[PDB]
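# Report on the structure
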Amino acid sequence: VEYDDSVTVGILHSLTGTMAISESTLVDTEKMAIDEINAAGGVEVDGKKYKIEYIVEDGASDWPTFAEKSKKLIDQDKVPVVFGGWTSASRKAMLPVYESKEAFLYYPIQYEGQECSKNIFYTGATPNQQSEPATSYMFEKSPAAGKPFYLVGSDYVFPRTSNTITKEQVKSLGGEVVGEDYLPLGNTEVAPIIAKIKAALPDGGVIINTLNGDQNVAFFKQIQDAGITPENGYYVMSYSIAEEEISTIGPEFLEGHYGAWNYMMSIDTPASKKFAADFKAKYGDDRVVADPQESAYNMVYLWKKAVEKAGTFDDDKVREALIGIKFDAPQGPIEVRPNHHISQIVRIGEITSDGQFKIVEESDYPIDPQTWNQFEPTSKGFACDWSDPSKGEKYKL
Amino acid sequence: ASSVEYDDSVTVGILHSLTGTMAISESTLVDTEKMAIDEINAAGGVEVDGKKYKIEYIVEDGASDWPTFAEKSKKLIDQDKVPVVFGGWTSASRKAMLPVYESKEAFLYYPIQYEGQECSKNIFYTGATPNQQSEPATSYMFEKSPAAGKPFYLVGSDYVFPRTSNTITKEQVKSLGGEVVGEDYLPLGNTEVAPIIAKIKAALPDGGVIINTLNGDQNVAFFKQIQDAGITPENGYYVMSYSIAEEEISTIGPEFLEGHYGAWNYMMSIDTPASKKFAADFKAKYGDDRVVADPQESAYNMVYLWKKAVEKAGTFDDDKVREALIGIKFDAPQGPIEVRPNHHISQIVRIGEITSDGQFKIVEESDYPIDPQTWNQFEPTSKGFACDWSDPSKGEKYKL
Ligand SMILES: [Ca+2]
Ligand SMILES: [Ca+2]
Ligand SMILES: [Ca+2]
Ligand SMILES: [Ca+2]
Ligand SMILES: [Ca+2]
Ligand SMILES: [Ca+2]
Ligand SMILES: [Ca+2]
Ligand SMILES: [Ca+2]
Ligand SMILES: [Ca+2]
Ligand SMILES: [Ca+2]
Ligand SMILES: [Ca+2]
Ligand SMILES: [Ca+2]
Ligand SMILES: [Cl-]
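Residues numbered from 1 in each chain as written, not as in the entry; some residues may be left out. Chains lettered and ligands numbered in written order. Heavy atoms only, no water.

### Quick word on the overall build of chain B
When helices and strands are counted, chain B shows 11 helices and 18 strands. The C-alpha atoms of chain B give a radius of gyration of 21 Å, which matches the 21 Å a tight globule of 400 residues would have. Taking all 400 residues of chain B together, 62% fall into the buried category. Looking at chain B alone, contacts between residues at least 24 apart form 67% of all its contacts between residues at least 6 apart. Per element, the accessible surface of chain B, about 14,300 Å² overall, is 48% carbon and sulfur. Distance from the positive charge centre (38 side chains) to the negative charge centre (61 side chains) of chain B: 3 Å. (Helix = DSSP H or I, 4+ residues; strand = E, 2+ residues; numbered from the N terminus. Rg over C-alpha atoms; globule rule 2.2 N^0.38 Å. Buried < 20%, exposed > 50% of the residue type's maximum accessible area, 1.4 Å probe, protein only. Contact = heavy atoms within 4.5 Å. Areas by Shrake-Rupley, 256 points an atom, 1.4 Å probe, with all protein chains shown as cover. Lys, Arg positive; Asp, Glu negative; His and termini not counted. Charge placed at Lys NZ, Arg CZ, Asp CG, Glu CD.)

Shown next, in the form of structure tokens:
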């Protein structure tokens, strides 16, 4: 397979520290997308085929390092796009770099919304594509239907914002929140929060888990040892771990708990089966795929389609062309919306003994993403639309 | 694409934790074993009786679970009939596997530093014995470290490696006239370290030596919580770790390990063509962020030593390969190694101080390769015993 020239893109993920358990597989999956596109002949611009090359930088689970590496990739390496980030902390540190330098970050991870950067595109779930339908499911259909919610997360803007939205949503459903605690990212001192869960949920109930990174390992092992188990009526709905982190922790610790995602490895379609089989072929029979990976995979194809539509790598024109791009993704059909996010089907999953999701609920159509939250009173009635100059980042409906 | 021509193939077993608490440590061993295989295959494969065999593999997940290591071993021996399994990390996993490889007269190649007190006819070992790791580390921490002369506190995982390691360390410290002022174990995978931290501060009021035999990802909680607790090199507390190296250091974060210590036969900072080639090849195959380390160098060496033994034996039959492997020499990334009559390898010893980048600064190195003692010469029940499988009158455990 021959190319006429090459283009270099940036990859920026935590390959070290507390977030490497989550972000490492994103680089594996981004490289799989790149290798696929290259094997099909690369990216066509103005009658030439460009091979996609990459520069991988280690964000090291450190938000200033994410900003510093973004500066390098934009100003030194002159990439037309960076594929990166996980924590909303890492994205918030990056956002002023990509805005001030009018560059382009593609960000794949489920998050709190309340954001619509001109210089960021998003393949992760907004709350109405994850926590909102999850909250309804846990409240109405889970084995802990009608029981109170206890909220536990990492101490930064994603879990705090997610839990603000969940508290407003649970008020609107007529449910109850009986606890809300944060641990520093990476911190494994979970014993005090376990004692509070047992006192606040004496008959069991719903635990909403927004812990990010490897502190999930201690969380799931210690709740089980304390008898906070599905057998005793305790069910954890997690937003920031899926099949990769389930398989690292050990599925014995996750069986009977729940997730809410747009992609799940258990989706039984030719597209989903091909994604899983190609990942295993590239990286080993043991390796899983999952929503974070599928989100990251899609960013590379959406970028490639926007480049070919725009007829250029210029991020100014590609960011304009990207709105309205469609893709037959492993999850099903996605479309980039005026707010820079994607429409996605929503799945609720019950974790099985093998660490896969059994899909217990699925939306009937792709849900259109709301970045400005319609439950949080300070964002309700606002929206984002970058296809209309009179609307933009944040306008009143 | 490849123009290399093979007559046939041989399928080997790879058996490591790709899931659960040991995956932080074992995952890179599969990466390294596969690099050695691809290197040998690119150079023409394994030559037996006029035929060139491509090495194929079957990877099984031990899942950080000792019964699973035993069951996957039974499958690889009895159903797959592999001529060799490269596998194991925890001495608990090895002990579960040992009766399977012995009973079935098969061949396990085991790469990880351990407690010795073992000499299976069905196992070869590329990891340090205590005289190639904990013994020289103990002397260094007691005599030359910034905590020279200060008491020792022992913390490890609750299984046969840390408990046996610490038995040897207690005997050695007594022989040097030092003090051990604590000894605590956590179940493997358990992150509840705060109680042990409180005992360290009470037992070592102005710092001292901590010997860390924790295995697997419980190391992450340990190093993060000790720093918050003021158990730091700046406060006179120095950890010497036997079961983590550059891979785990990079995953935990070097800010948590800087100024602590390791004892290993290979370190990525070794400044030789062989050491630099190993590191550069691993980054070329798996990414520029990827490190090499002793567990990986040990694993790499197993595949080359197996290949050399097959070519020496003139057959894949593990009985004859295990007989031929004694006496084999390899130019390894760490320097020259030789398989000894006790199925272990002679290795240079390095003591390293962890730098801000998570690399080792080598602060002591042996003048010669150290001959491995599997039967420990400080532990009273093993003192005066040795192993020699090359001489029929001696074998697994005989009086010197
Ligand atoms: Ca060019
Ligand atoms: Ca890593
Ligand atoms: Ca620009
Ligand atoms: Ca109610
Ligand atoms: Ca997605
Ligand atoms: Ca053009
Ligand atoms: Ca919106
Ligand atoms: Ca794994
Ligand atoms: Ca045999
Ligand atoms: Ca070794
Ligand atoms: Ca012959
Ligand atoms: Ca011996
Ligand atoms: Cl010598």
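There is more to say, and it comes next.
### What to know about the overall build of chain A
The helix and strand inventory of chain A stands at 11 helices and 18 strands. Taking 397 residues into account, the globule formula puts the C-alpha radius of gyration at 21 Å, and chain A, at 20 Å, falls close to it. Principal axes of the C-alpha set define a box for chain A whose edges measure 65 × 50 × 40 Å. Here the analysis covers contacts within chain A between residues at least 6 apart in sequence; of these, 67% occur between residues at least 24 apart. When the accessible surface of chain A is summed, it comes to about 13,800 Å², and 48% of that surface belongs to carbon and sulfur atoms. If you average the places of the 38 positive and of the 61 negative side-chain charges in chain A, the two averages end up 3 Å apart.

### A short note on the interface of chain B and chain A
Contacts between the two partners involve 18 residues from chain B, matched on the other side by 18 residues from chain A. Taken together, chain B and chain A are joined by zero salt bridges. Linking chain B with chain A are four residue pairs in polar contact. Partitioned by chemical class, the residues of the side of chain B that touches chain A number five nonpolar, eight polar and five charged. (Salt bridge = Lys/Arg side-chain N within 4 Å of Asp/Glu carboxyl O. Polar contact = N/O pair within 3.5 Å; in protein donor to acceptor, adjacent residues only side chain to side chain. Nonpolar A, V, L, I, M, F, W, Y, C, P; charged D, E, K, R; others polar.)

### Re helix α9 (residues 273-286) of chain B
All names here are of chain B. For α9, built from 14 residues, the straight-helix expectation of 20 Å at 1.5 Å per residue is met to within 8% by its first-to-last C-alpha distance of 20 Å. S275, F278, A279 and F282 are the residues of α9 that are buried. Axial view of α9: buried residues confined to an arc of 90°, hence all on one face. Across α9 from its buried face, at more than 90 degrees, point the exposed residues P273, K276, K277 and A284. Elements that come into contact with the buried residues of α9 comprise α1 (23-42) and α10 (294-313). Where α9 ends, the next residue or the one after it, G287, has phi of about 130°, a positive value. (Expected span 1.5 Å × (residues − 1). Arc of directions from axis to C-beta.)

### With respect to the sheet that holds strand β8 (residues 180-186) of chain B
All names here are of chain B. One open sheet holds the seven strands; their spatial order is β8-β7-β9-β10-β11-β15-β16, and the pairing between them is mixed. Edge positions in the sheet fall to β8 and β16 (360-365), since each of these pairs with one other strand and no more. Sheet twist, expressed as the mean angle between neighbouring strand axes with direction ignored, is 25°. Two strands pair when backbone bridges link them, and strand β9 (residues 208-213) and strand β10 (residues 237-241) are joined in this way by five bridges, in the parallel orientation. Across the sheet, the residue bridging to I211 is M240, located in β10. (Pairing = 2+ DSSP bridges. Axes fitted to C-alpha atoms, helices over the stretch in contact; angles between N-to-C directions.)

### Regarding helix α11 (residues 315-322) of chain A
Residue and element names in this part refer to chain A. Listed as buried for α11 are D315, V318, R319, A321 and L322. Along α11, the residues classed as buried sweep out an arc of 165° about the axis, all on the same side. Buried residues in α11 make contact with β5 (105-107), β6 (120-122), α10 (291-310) and β13 (332-336). Downstream of α11 by one or two residues, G324 has phi in the positive range, about 100°.

### Regarding the pairing of strand β1 (residues 5-13) of chain A
If a strand is regular, its side chains alternate between the two faces of the sheet. Residues and elements named next belong to chain A. Note: β1 against strand β3 (residues 48-58), nine bridges, orientation parallel. The residue bridging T8 from the neighbouring strand is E53, located in β3. Pairing of β1 with strand β4 (residues 82-84) involves three bridges; the strand directions are parallel. For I11, the partnering residue across the bridge sits in β4 and is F83.

### Some remarks on the UniProt feature "binding site: Ca(2+) 4" (unreviewed entry) in chain B
All names here are of chain B. According to UniProt, the positions carrying the feature "binding site: Ca(2+) 4" (unreviewed entry) are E105, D318 and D319. Sequence-wise these annotated residues cover 215 residues; spatially they are packed, their C-alpha atoms never more than 8.4 Å apart. As for its placement among the helices and strands, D318 is situated in helix α11 (residues 318-325). Once you skip the residues sitting within four places of it in the chain, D318 turns out to touch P83, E105, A106 and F107. Mapped onto the elements of the fold, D319 is located in helix α11. At a separation of 3.1 Å, a polar atom in the side chain of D319 contacts the side chain of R322. (UniProt positions renumbered as here; feature names shortened; annotations may be inferred.)

### Observations regarding the nonpolar core
Within the largest apolar cluster, 95 residues are counted, with the highest numbers of intra-cluster contacts made by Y109(B), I210(B), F223(B), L305(B), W306(B) and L325(B). Sorting elements by how many residues they give to this core places α10(B) first, with nine residues. Excluding its chain neighbours within four sequence positions, the residues that come into contact with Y109(B) are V84(B), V85(B), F86(B), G87(B), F124(B), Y125(B), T126(B), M302(B), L305(B), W306(B), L325(B) and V339(B). Ranked by size, the runner-up nonpolar core spans 66 residues in total, among them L15(A), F83(A), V97(A) and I267(A). (Core = buried A, V, L, I, M, F, W, Y, C linked by side-chain atoms within 4.5 Å.)

### Side note on the layout of surface pockets
Taken as a whole, the second largest pocket encloses approximately 420 Å³ of empty space. If you go around the second largest pocket, you meet 22 residues; those closest to its centre are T18(A), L185(A), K224(B), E255(B) and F256(B). Of all the elements in the fold, those that place two or more residues in the lining of the second largest pocket are α2 (63-76) of chain A together with α7 (218-228) and α8 (246-252) of chain B. Here the lining of the second largest pocket is built from residues that sort into seven nonpolar, 11 polar and four charged. (1 Å grid on protein atoms, 1.4 Å probe; cavity = no way out; pocket = protein on both sides within 12 Å on 5 of 7 lines; lining within 4 Å. Points joined across faces, edges and corners; volume = space filled by probe spheres on them.)

### A few points about the UniProt feature "binding site: Ca(2+) 3" (unreviewed entry) in chain A
Residues and elements named next belong to chain A. The feature "binding site: Ca(2+) 3" (unreviewed entry), as given by UniProt, occupies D46 and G311 in the numbering adopted here. Spanning 266 residues, the named residues nonetheless gather at one spot, since no C-alpha pair among them exceeds 6.2 Å. Here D46 shows up in the loop between β2 (43-45) and β3. When residues no more than four places from it in sequence are discounted, the contact partners of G311 are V45 and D46.

### Brief notes about the pairing of strand β11 (residues 258-261) of chain A
Side chains of β11(A) alternate between two faces, with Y258(A) and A260(A) and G259(A) and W261(A) buried alike. The parallel pair strand β10 (residues 234-238) of chain A and β11(A), bridged by helix α8 (residues 243-249) of chain A, forms a crossover whose chirality is right-handed. (Right-handed = clockwise from strand over helix to strand, strands pointing away.)

### With respect to the UniProt feature "binding site: Ca(2+) 1" (unreviewed entry) in chain A
Residue and element names in this part refer to chain A. UniProt marks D5 with the feature "binding site: Ca(2+) 1" (unreviewed entry), using the numbering shown here. The topology assignment puts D5 in strand β1. Filtering out sequence-adjacent residues up to four positions away, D5 remains in contact with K48, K49, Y50 and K51.

### Details of the state of the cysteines
All names here are of chain A. Applying the stated rule across the entire model yields two disulfides over all chains. For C116, the disulfide goes to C384, at an S-S distance of 2.1 Å. Between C116 and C384 the sulfur-sulfur dihedral comes to about -70°; the bridge is accordingly left-handed. Of this pair, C116 sits in the loop between β5 and β6 while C384 is found in strand β17 (residues 382-385), placing the two residues 268 residues apart along the sequence. (Disulfide = S-S within 2.5 Å.)

### Examining empty space enclosed by the protein
Scanning the model with the defined rule gives two cavities of 30 Å³ or more in all. Roughly 40 Å³ of volume is contained in the largest cavity. Around the largest cavity sit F220(A), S238(A), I241(A), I246(A), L254(A), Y258(A), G259(A), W261(A), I351(A) and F357(A), which together line it. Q113(B), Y114(B), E115(B), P130(B), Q133(B), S134(B), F161(B) and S165(B) are the residues that line the second largest cavity. Considering only residue class, the lining of the second largest cavity consists of three nonpolar, four polar and one charged.

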